[PDB]
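Presented below, as structure tokens, is a lone chain in the form deposited in one PDB entry.
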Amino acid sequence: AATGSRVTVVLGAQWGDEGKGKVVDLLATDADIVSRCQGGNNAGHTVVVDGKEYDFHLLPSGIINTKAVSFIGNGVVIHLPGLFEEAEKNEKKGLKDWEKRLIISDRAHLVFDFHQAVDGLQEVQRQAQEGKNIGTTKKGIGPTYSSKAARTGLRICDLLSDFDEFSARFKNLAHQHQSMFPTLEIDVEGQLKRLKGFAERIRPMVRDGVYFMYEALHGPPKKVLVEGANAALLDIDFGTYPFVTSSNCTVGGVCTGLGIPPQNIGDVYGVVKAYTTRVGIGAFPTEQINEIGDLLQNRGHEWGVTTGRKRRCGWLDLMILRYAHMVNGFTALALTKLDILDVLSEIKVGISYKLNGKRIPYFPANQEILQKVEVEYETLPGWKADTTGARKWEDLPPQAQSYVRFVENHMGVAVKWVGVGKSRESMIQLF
């Protein structure tokens, strides 16, 4: 107890959009603190409660919980205009006094308008050069994380300190990018002015996140929830590089993005969609570009919560999941969108990859090798029944139960939740 309490973590086990927003929302009901540790607003997390639906991006999904404090960690890159723009969209949905329960770490880096603009330019440039780009959300996430590493980026604490100093580096940073993209137009005083405004708006919410989390973990017992963004296979280190996002979406990102030791990390839940989706460029072994893909894409309403882009769809892929578990060490899983499969007579599930007629011993570090593998499946029998109404383990029909077990067994991790709808109550807790 001297060490402190342990946070609960919700992580994406695939290529994002697995249902982290829904899982976090569920768990956030009785949490004292809900936080984001990495990424920016490239994330799109959907929460449904009482017929009311919200789409969060920078705001932690537990922001709707009026008793809880939503915290944005130092690992997150913030675009201030987008933040308020987002918060103000949810005001119109009933989000009241959110600015009263939102803490922002003063070490978080800032996404500047030219970062997003550079994001665009770099994509058009890679496309109109090598034929294809990464397919980023063009939210300037990659550019801003690149300025962070370079140590040229600015942080919250910078914006709130002397503004004349800030403006000095801001002008200099901008110029640096214009050197990358001469055709890049930046309204220095224009943007810089708005920034000056934002400073006073955010100021009251800002704090030292390190002391904040530390004090929280060692003071009277509290329940802290960490909302992962993106997912394992999108991890800058472990994902399908270079077709990944620019932050560590894996468990280690919790430590680096909030400044807490591995001794303060409790349960780490892996959010697993019953089938796989990917939005953007890059290998997708079980991708189904056919009638099956369309049923999944359509029945699942698979379109970017952030870009409106239609997501690619495929069968469940155990190779990526097992790989994800090796890096995150999930304590239990949340198997989502099981109901999407209610209508299939049979459901194929990828179990291994084969390159030269030979099976691969492990998930390829080289993404191109992945674009050449021939996955071998395990056809399972559908249940052809509506499960959207199930609320208990028994409500599920026989073949639905077998599907959950198939997942538990081939991964070696227990399924603690089963999603059968997008609304908070459309959940089944198995233990």
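In this text, rigid core is short for the largest set of C-alphas that superpose within 1.5 Å between two forms. A residue's number is simply how far along the shown sequence it sits, counting from 1.
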Avg C-alpha B-factor, entry values, 106-114 vs 254-262, higher side is 106-114
Taking the deposited Cα B-factors and averaging over 93-101 and over 291-299, the higher mean is found in 93-101
For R194, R322, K310, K337, the deposited C-alpha B-factor is largest at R194
Max C-alpha B-factor within the set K348, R278, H177, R151 falls on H177
Sorting the chain's modelled residues by C-alpha B-factor and splitting them into thirds places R203 in the highest
By the entry's values, the third containing the CA B factor of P60 is the middle
Of the three thirds of the chain ranked by Cα temperature factor, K171 occupies the highest
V48: CA B-factor among chain residues, third -> middle
Here the Cα B-factor of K384, set against its chain, lands in the third termed middle
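Beyond the structure shown, there is the form deposited in another entry, which is absent from this document and is the topic of what follows.
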Only one of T307, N264, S146, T331 shifts its Cα by 2 Å or more between the shown form and the other one once the rigid core is superposed, namely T307
Exceeds or equals 2 Å, Cα of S345 between the shown form and the other one, core fit:
yes
Check: Rigid core fitted, then: does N356 show a CA shift of 2 angstroms or greater between the shown form and the other one?
Finding: yes
Fill in: After fitting the core, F112 CA displacement of 2 Å or more between the shown form and the other one
no
